[PDB]
Amino acid sequence: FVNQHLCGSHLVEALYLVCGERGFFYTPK
Amino acid sequence: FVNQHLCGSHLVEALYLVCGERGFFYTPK
Amino acid sequence: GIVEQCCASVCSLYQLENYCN
Amino acid sequence: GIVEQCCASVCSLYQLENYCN
């Protein structure tokens with residue numbers, strides 16, 4: 001699922017799945 | 001959509017919708 | 001943290017916006 | 001940023017993990 005174009009909710013979803021209980025930051029601009 | 005229990009992808013989704021182009025940080029632990 | 005306030009209990013816009021950049 | 005590297009172009013695990021806490 002990660003090695004593709006990922007935009008908006010699709011990108012946030014990938015971060016959530018990959019990062020797990022570490023969480024993440026989403027900084028689009 | 002925000003004034004309910006929100007867990008896991010549901011919570012990340014709410015942050016994405018509310019925060020818009022500011023983005024957000026998700027720090028569950 | 002956010003899990004305690006929005007998953008384990010009822011979330012709010014006031015709390016969610018605290019996590020926006 | 002992340003949009004340029006993963007939306008406007010093809011994402012990678014190596015880049016996504018850079019955004020994990």
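A note on names: the letters A, B, ... follow the listed sequences, proteins ahead of strands, and every chain is numbered from 1. Below, each value reflects all heavy atoms present in this structure, side chains not excepted, and no hydrogens, waters or symmetry copies.
Minimum interatomic distance between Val12(B) and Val12(A) (heavy atoms only, all atoms of both residues): CG1-CG1, 3.3 Å. Of all heavy-atom pairs spanning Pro28(A) and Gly20(B), the tightest one is CG-O, 4.4 Å.
Partners of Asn21(D) by side-chain contact (heavy atoms from CB on, under 4.5 Å), not counting sequence neighbours, listed by chain and number: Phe25(A), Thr27(B). In terms of the salt bridge (charged side-chain N to carboxylate O under 4.0 Å, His left out) criterion, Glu13(A) has no residue partners (sequence neighbours excluded). For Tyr26(A), the ring pair (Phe, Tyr, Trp, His ring centres under 6.0 Å) criterion is met by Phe24(B), not counting sequence neighbours. Partners of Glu17(C) by side-chain hydrogen bond (donor to acceptor under 3.5 Å, both in side chains), not counting sequence neighbours, listed by chain and number: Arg22(B). Remark: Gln15(D) pairs with no residue by the side-chain hydrogen bond (donor to acceptor under 3.5 Å, both in side chains) rule, at least two apart or across chains.
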Give the table of side-chain donor-acceptor pairs shorter than 3.5 Å for residues 2-10 of chain C, with sequence neighbours excluded, one pair per line with atom names and distance.
residue: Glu4(C); atom: OE1; partner: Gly1(C); partner atom: N; Å: 2.8
residue: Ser9(C); atom: OG; partner: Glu4(C); partner atom: O; Å: 2.9
residue: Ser9(C); atom: OG; partner: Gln5(C); partner atom: O; Å: 2.9

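The salt bridge (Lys or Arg N to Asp or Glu O under 4.0 Å) pairs that include a residue from residues 6-15 of chain D number zero, where partners must be two or more places apart or lie in different chains.
Proximity of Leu6(A) to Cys11(D): side-chain heavy atoms (C-beta onward) are separated by under 4.5 Å at one or more points. A 4.5 Å side-chain heavy-atom check between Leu16(C) and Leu11(B) finds at least one atom pair inside the cut-off. Contact check for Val18(B) versus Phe1(B): side-chain heavy atoms found under the 4.5 Å cut-off.
Heavy-atom neighbours of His5(A) NE2 from other residues, nucleotides or ligands within 6.0 Å: above the threshold of 12.
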